[PDB]
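Each chain, letter by letter, is given below.
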Amino acid sequence: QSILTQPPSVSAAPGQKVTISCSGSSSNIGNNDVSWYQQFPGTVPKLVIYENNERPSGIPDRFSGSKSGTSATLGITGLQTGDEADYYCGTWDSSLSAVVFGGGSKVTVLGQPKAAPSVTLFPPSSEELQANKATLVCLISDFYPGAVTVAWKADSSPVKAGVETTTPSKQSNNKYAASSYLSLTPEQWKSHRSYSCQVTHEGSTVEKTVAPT
Amino acid sequence: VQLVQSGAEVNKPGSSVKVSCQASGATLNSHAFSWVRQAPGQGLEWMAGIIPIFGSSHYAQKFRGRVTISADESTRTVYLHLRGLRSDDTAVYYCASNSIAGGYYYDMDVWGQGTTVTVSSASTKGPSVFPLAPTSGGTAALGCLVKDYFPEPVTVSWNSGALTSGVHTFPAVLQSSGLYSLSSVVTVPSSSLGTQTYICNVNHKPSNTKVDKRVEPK
């Protein structure tokens, strides 16, 4: 429910141009300068445009901005893979006497080579079982783009409870990682022939299995 | 130019928190300061601002009456006071500045590193550490499971920091119980399993607890 409105996402291939709109009203964009911020996953935002169309010293000239009436636009010409990030517009709102941000727009650079996830599945440790608990640990790394679906099975049946999965996090090598945990009672663990963690990424699945034996 | 904020805060619902932001400059009158927060996977939200030189302060409607922004010129420190904490106030809080000399003054080109503020009914709890005992292409994977702790953060090192290549410590998951869990895994040459000792060093300062867990092959 941001005061300023931006498209949830924009996509294009390298070398192309992408534009992100930001709509408001007379009280904000219409009578105040707009700024744009770039934010890579897990990093602090960076100012890329201010005073509607000015680039802070150091920002590549492929970044541009404009404002006409009550709406503004951020443009990125000659799109590079290194431009994949979230972008936010912001401005002062005279009716609220406060700075207001748009909801943000995700810029995706299409056509990049995909990377399948590396999956490691650990069974409950003897120590945990001796504590009357059981946790299966599914570690997923080095995948790109950063989106996966994690499903668990007891034998061949879907497990719909006791699962906790993190959202993907960006690694230092720009690929992504995530982890999924399955909580079970020691009896459940020992009762089935096996349990599996299935990781689906870009249409294909990598599955690891472990067994009480 | 640098802005350094205070450490992570953990609060119970209804309590209050105070976060600080220290500027590297000689005075605060040369800049306008803003406080912006961002919840996990959500957008940036401007909360308040202060322009020391003018003794002026502004607040987003959403936070009026609950937030107060102050400035201490003698120590070049800016503060954010948030009262009546709600679980949904959980987020990373940033202070940002803009050089001047309110829309004509507020802008955010320099950002602090951020301060996490966790608001939960959960109580401090040290983690239970379990070994994840050791394989593909001559390499084996071993690790440590750091289960049910509160609050963040937990740091993990291996062999007192001597082992770093092949180490991957995963971000914690916040369970439906309000407790956190995370894991750290190291990929090592299988041949090393018969000699090299592997110990994960888990540190949970919130509980003044450190666990060194030996991980041996099954």
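Residues numbered from 1 in each chain as written, not as in the entry; some residues may be left out. Chains lettered and ligands numbered in written order. Heavy atoms only, no water. Residues with missing side-chain atoms left out of burial classes, pairs and counts.

Per the deposited record, the coordinates in this entry were obtained by X-ray crystallography to a resolution of 1.70 Å.

Chain B carries the name Fab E51 heavy chain in the PDB entry, which gives Homo sapiens as its organism.

As annotated in the PDB entry, chain A carries the name Fab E51 light chain and comes from Homo sapiens.

Peer 1: Explain the pattern of salt bridges to me, please; I cannot follow it from the model alone.
Peer 2: Two side chains carrying opposite charge are able to pair once their charged atoms lie near each other. This model, assessed by the stated rule, comprises ten salt bridges over all chains. Of the charged contacts in the structure, one is a salt bridge between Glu-202 of chain A and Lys-114 of chain A, with a shortest N-O distance of 2.7 Å. Pair noted here: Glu-202 of chain A is in the loop between strand 17 (195-201) and strand 18 (204-210) and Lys-114 of chain A is in the loop between strand 9 (105-109) and strand 10 (118-122), with a separation of 88 residues, a long-range link. The exposure class of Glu-202 of chain A is partly exposed, given its relative accessible area of 40%. By relative accessible area, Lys-114 of chain A is classed as exposed at 57%. Here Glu-207 of chain A makes a salt bridge to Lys-153 of chain A, at a shortest N to O gap of 3.8 Å. Here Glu-207 of chain A, found in strand 18, pairs with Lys-153 of chain A, found in strand 12 (residues 149-154); they are 54 residues apart in sequence, far enough to count as distant. Exposure remark for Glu-207 of chain A: the relative accessible area of 37% places this residue in the partly exposed category. Salt bridges sharing partners connect three or more residues here, namely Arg-37, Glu-45, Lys-62, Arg-66 and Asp-89 of chain B. (Salt bridge = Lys/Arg side-chain N within 4 Å of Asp/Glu carboxyl O. Helix = DSSP H or I, 4+ residues; strand = E, 2+ residues; numbered from the N terminus. Buried < 20%, exposed > 50% of the residue type's maximum accessible area, 1.4 Å probe, protein only.)

Peer 1: Explanation requested: unusual backbone geometry in the structure shown.
Peer 2: Along the chain, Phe-150 of chain B connects to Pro-151 of chain B via a cis peptide bond; the corresponding omega equals 0°. Going from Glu-152 of chain B to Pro-153 of chain B, the amide bond is cis rather than trans, its omega being 0°. Relative to the elements of secondary structure, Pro-153 of chain B occurs in the loop between strand 13 (139-149) and strand 14 (155-158). For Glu-51 of chain A, which is not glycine, the phi dihedral falls at a positive 50°. Looking at the secondary structure, you find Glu-51 of chain A in the loop between strand 4 (46-49) and strand 5 (63-68). In this structure, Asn-52 of chain A takes a positive phi of about 70° despite not being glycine.

Peer 1: I would appreciate a short explanation of the state of the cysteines in the present structure.
Peer 2: Two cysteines whose sulfur atoms are joined by a covalent bond form what is called a disulfide. With the rule as written, the count across this model stands at four disulfides over all chains. There is a disulfide in this structure between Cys-22 of chain A and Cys-89 of chain A, and the S-S distance comes to 2.0 Å. An S-S torsion of about 85° defines the bridge between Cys-22 of chain A and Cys-89 of chain A as right-handed. Residue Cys-22 of chain A is located in strand 2 (residues 18-23), and its partner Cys-89 of chain A is located in strand 7 (residues 86-93); the two are separated by 67 residues in the primary sequence. Residues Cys-22 of chain A and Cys-89 of chain A agree in their burial class; the two are buried. Note on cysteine connectivity: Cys-21 of chain B is disulfide-linked to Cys-95 of chain B, with sulfurs 2.0 Å apart. Between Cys-21 of chain B and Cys-95 of chain B the disulfide shows an S-S torsion of about 80°. By sign, it is right-handed. Of this pair, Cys-21 of chain B sits in strand 3 (residues 17-23) while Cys-95 of chain B is found in strand 9 (residues 91-99), placing the two residues 74 residues apart along the sequence. What makes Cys-95 of chain B buried here is its relative accessible area of 1%. (Disulfide = S-S within 2.5 Å.)

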